[PDB]
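Worksheet for the structure shown next.
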Amino acid sequence: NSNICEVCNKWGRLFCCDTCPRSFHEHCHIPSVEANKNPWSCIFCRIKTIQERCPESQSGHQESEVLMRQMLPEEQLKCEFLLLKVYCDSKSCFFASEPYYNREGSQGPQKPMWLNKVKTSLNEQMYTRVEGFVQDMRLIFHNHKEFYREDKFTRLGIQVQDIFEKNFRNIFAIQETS
Ligand SMILES: [Zn+2]
Ligand SMILES: [Zn+2]
Ligand SMILES: [Zn+2]
């Protein structure tokens, strides 16, 4: 296996996937790595396995259909993997922990949101539909855009939002369009 966590790229205490060569710190992997499980497989393998067992699940879907799906075990896993793909981009540090808002000319967001909040809200089965998870991830980036106004630090929202959307279309097989 690899010598650096797949998500964060650093060495440390790691756990190795038994089916693929990736490796993970405990709370870098989503869900957080399970006690025993021998063999273990990772969320990269377990998403793969879904596609292989139902190849038509890679056919195009409409975002409206995808959002209204209940958060059954397989939609839970996709939301868990989609989130993990955002933590993989180093610019996710800016959105990880709780934010505070004190800038001249700006007011903070009516509803704050951050990546560890959404992580915990996934872990705690607080979302019933995919619409729930998506609406939070999109609030993270819409709050940042409105708060940092014309300052060039806005862009980091746009960049980590682009990483989100692209993996959303991939993982949920949204119908490609121009
Ligand atoms: Zn890590
Ligand atoms: Zn794996
Ligand atoms: Zn089939």
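Every chain in the structure tokens takes a letter, A first, then B, and so on in the order presented; its residues are numbered from 1, and the ligands are numbered from 1 following the presented order.
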
At most 8 Å from ligand 3 (only C-alpha atoms and all ligand atoms): residue list as a PyMOL selection string: chain A and resi 53-56

Those residues you just picked out, can you put them in a file as a compact mmCIF listing (two decimals), in the first residue's frame with C-alpha atoms?
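Okay, part.txt is ready:
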# COMPACT_ATOMS: atom_id res chain seq x y z
CA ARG A 53 -22.84 -4.52 -9.54
CA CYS A 54 -25.25 -2.17 -11.41
CA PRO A 55 -23.47 -0.75 -14.51
CA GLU A 56 -26.64 1.22 -15.53

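With only C-alpha atoms and all ligand atoms counted, the chains near ligand 1 contribute these residues within 9 Å: residues 4, 5, 6, 7, 8, 9, 10, 11, 12, 14, 23, 24, 25, 26, 27, 28, 29 and 88 of chain A.
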
Given 8 Å and only C-alpha atoms and all ligand atoms, residues near ligand 2 as a list in words: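 Checking only C-alpha atoms and all ligand atoms against ligand 2 at 8 Å gives residues 16, 17, 18, 19, 20, 21, 22, 23, 41, 42, 43, 44, 45 and 46 of chain A.
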
What would the file look like if the residues just selected were written as a CSV table (one decimal), in the first residue's frame with N, CA, C and O atoms?
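Printed below is out.csv as written:
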chain,number,residue,atom,x,y,z
A,16,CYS,N,-4.4,0.7,6.0
A,16,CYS,CA,-4.3,0.3,4.6
A,16,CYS,C,-5.6,-0.4,4.1
A,16,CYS,O,-6.1,-1.3,4.8
A,17,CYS,N,-6.1,0.0,2.9
A,17,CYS,CA,-7.1,-0.8,2.2
A,17,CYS,C,-6.6,-2.1,1.8
A,17,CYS,O,-5.5,-2.3,1.3
A,18,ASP,N,-7.4,-3.2,2.0
A,18,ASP,CA,-7.0,-4.6,1.6
A,18,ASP,C,-7.3,-4.9,0.1
A,18,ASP,O,-6.6,-5.8,-0.4
A,19,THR,N,-8.1,-4.1,-0.5
A,19,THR,CA,-8.4,-4.4,-1.9
A,19,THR,C,-7.7,-3.4,-2.9
A,19,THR,O,-7.3,-3.9,-4.0
A,20,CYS,N,-7.4,-2.2,-2.4
A,20,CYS,CA,-6.6,-1.3,-3.3
A,20,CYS,C,-5.4,-0.7,-2.5
A,20,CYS,O,-5.3,-1.0,-1.3
A,21,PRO,N,-4.4,-0.1,-3.2
A,21,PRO,CA,-3.2,0.3,-2.5
A,21,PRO,C,-3.3,1.7,-1.7
A,21,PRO,O,-2.3,2.0,-1.1
A,22,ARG,N,-4.4,2.4,-1.6
A,22,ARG,CA,-4.5,3.6,-0.8
A,22,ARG,C,-4.4,3.3,0.7
A,22,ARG,O,-4.6,2.2,1.2
A,23,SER,N,-4.1,4.4,1.4
A,23,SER,CA,-4.0,4.3,2.9
A,23,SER,C,-4.6,5.6,3.5
A,23,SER,O,-4.6,6.6,2.8
A,41,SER,N,-12.1,-2.8,3.2
A,41,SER,CA,-12.0,-2.0,1.9
A,41,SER,C,-12.5,-0.6,2.1
A,41,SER,O,-13.3,-0.3,3.0
A,42,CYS,N,-11.9,0.3,1.3
A,42,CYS,CA,-12.1,1.7,1.5
A,42,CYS,C,-13.3,2.2,0.6
A,42,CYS,O,-13.7,1.5,-0.3
A,43,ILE,N,-13.7,3.5,0.9
A,43,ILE,CA,-14.8,4.1,0.2
A,43,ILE,C,-14.6,4.3,-1.4
A,43,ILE,O,-15.5,4.5,-2.1
A,44,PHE,N,-13.3,4.3,-1.8
A,44,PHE,CA,-13.0,4.2,-3.2
A,44,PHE,C,-13.3,2.8,-3.8
A,44,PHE,O,-13.9,2.7,-4.9
A,45,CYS,N,-13.1,1.7,-3.0
A,45,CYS,CA,-13.4,0.4,-3.4
A,45,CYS,C,-15.0,0.2,-3.4
A,45,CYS,O,-15.5,-0.5,-4.2
A,46,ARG,N,-15.6,0.7,-2.3
A,46,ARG,CA,-17.0,0.4,-2.1
A,46,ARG,C,-17.9,1.2,-3.0
A,46,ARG,O,-19.0,0.8,-3.3

Counting only C-alpha atoms, the residue of A:62, A:70, A:36, A:167 that sits nearest residue 128 (chain A):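 Closest to residue 128 (chain A) of all the choices is A:70.
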
Given only C-alpha atoms as the counted atoms, nearest of A:168, A:148, A:40, A:100 to residue 78 (chain A):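 Ranking A:168, A:148, A:40, A:100 by distance to residue 78 (chain A), first place goes to A:168.
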
Point-to-point distance from CA of residue 34 (chain A) to CA of residue 57 (chain A), Å rounded to tenths: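 Calculated distance between CA of residue 34 (chain A) and CA of residue 57 (chain A) is 27.0 Å.
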
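Contact shell of region 109-114 of chain A at 6 Å (only C-alpha atoms; same-chain neighbours under 3 positions omitted): residues 95, 96, 97, 98, 117, 140 and 143 of chain A.
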